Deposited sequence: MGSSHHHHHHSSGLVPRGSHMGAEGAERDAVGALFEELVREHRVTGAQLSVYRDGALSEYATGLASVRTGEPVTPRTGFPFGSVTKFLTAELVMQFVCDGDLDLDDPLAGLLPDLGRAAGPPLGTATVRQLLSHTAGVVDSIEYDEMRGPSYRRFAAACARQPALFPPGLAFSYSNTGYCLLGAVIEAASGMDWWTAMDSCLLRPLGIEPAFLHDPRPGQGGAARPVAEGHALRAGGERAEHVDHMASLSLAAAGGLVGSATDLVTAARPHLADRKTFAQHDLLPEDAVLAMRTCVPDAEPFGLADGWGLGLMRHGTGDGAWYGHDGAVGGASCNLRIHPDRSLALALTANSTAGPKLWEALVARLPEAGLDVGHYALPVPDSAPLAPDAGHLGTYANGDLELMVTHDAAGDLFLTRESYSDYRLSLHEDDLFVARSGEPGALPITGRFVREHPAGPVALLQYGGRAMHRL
């Protein structure tokens, strides 16, 4: 009756919005009321004419972290891996951080580290290279999103099992779920056979009439953080053990209820400022109570991927898209899906109520996350600026609750809403965070 009307409205909504934003191809899968809806449209490649099917694999991007987290949590439940063990005992400063902190981006690892020197399936040499990198702050003091943190989780999985991250991801999680494994880069010889049909990425070029193929360079070492390739339906399947009705899922034993709850349980006193309201083990949270949704986002080149889970309503939905318009399709989907009862949570940055504070000349300094750096400066008039290697200076407004807004001097650049973080109420500024990354005051 009325459920059938809703699935029709969703597919009809998905079709309208894919065309309206001219997405090359997309998949939307919704699990709701115990059953699955699978929508798929458009082109896997514009060059090829090949259509998108539910089999077509899309790059998950950073959505890969939810499966890596799921993989890590499996080893914990078999007792093969300790969520609070220090990394030093697992693989010869960063040695005092924990798997639990890595999962939650609270380990103080920088976001990106050059290891284009990796060639095989082992993450062992990569583990060492992280060690020769200054931490952001001591493990546990603040949220900072880190692809490298999850690449270290690949080394952990490899030392905990005796298999490389690819082999373990395949044999321990993808295979029992029914997911055909595919990767941005697979360094193993492996076996042969027909490869899984994959979607290419696309972006509108100047004067172009439709989005065209775009090449993405993705380093091999990012694999455990972003290298998985699969379908909307695959992501919904991996979400199945997280839902209230998980006893109806035949493979619920694959991820026990206690692990599901842990992945969902957010770290206290470490808000992912500028990305979500909370972060758990491989899931972020948008919203707070009955309105709290969990998931993950990702984008590689001209492709995007979004996953969203509401455990209590036993609802999961995933979107894959293979053009740069994917993100606006996700946004329009979030705003319009309410007209079929699917009110996915939103996250908006705070907008400050108050007037700008007096420019504090103790905020001056250089802040850094790995290679990326920002400078808080002032001019001769004593006004605060944010400088950035190849960008116009931003005007820096300081606000209450240690918030700040940086307005760019070039209108095609985005402004930056972030906050400062102190280690102690009486202490000086030690951190700037925005977009869920921290930057260390040097």
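Comparing the deposited sequence with the modelled residues shows gaps at 1-21, 114-121, with numbering starting at 1.
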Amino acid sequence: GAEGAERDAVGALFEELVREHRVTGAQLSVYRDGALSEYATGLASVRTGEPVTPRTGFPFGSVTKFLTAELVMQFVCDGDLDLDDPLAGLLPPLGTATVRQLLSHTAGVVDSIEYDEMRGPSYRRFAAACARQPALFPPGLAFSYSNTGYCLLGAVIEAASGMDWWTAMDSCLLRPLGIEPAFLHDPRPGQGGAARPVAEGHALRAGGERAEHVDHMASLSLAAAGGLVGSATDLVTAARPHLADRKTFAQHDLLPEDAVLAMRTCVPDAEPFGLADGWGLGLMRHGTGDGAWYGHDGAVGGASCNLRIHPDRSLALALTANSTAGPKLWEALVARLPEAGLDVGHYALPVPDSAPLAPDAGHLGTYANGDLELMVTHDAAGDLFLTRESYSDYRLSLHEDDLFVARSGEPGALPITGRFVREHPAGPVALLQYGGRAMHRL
From here on, numbers count along this sequence of modelled residues.
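As recorded in the PDB entry, 210-218 is the stretch of 210-218 and 226-234 with the greater mean C-alpha temperature factor. Mean CA B-factor, 315-323 versus 189-197: the higher value falls on 189-197. Of the candidates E38, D393, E70, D379, the PDB record gives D379 the highest C-alpha temperature factor.
In this structure the maximum Cα B-factor among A155, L283, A348, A244 is found at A348. Ranked within its chain, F126 lands in the highest third, by CA B factor from the PDB record.
Sorting the modelled residues of the chain by their CA temperature factor places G149 in the lowest third. Among the modelled residues of its chain, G57 has a C-alpha B-factor that falls in the lowest third, as given in the PDB entry. When the modelled residues of the chain are ordered by their C-alpha B factor, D164 lands in the middle third. Per the PDB record, residue ranking by Cα B-factor puts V23 in the lowest third of the chain.
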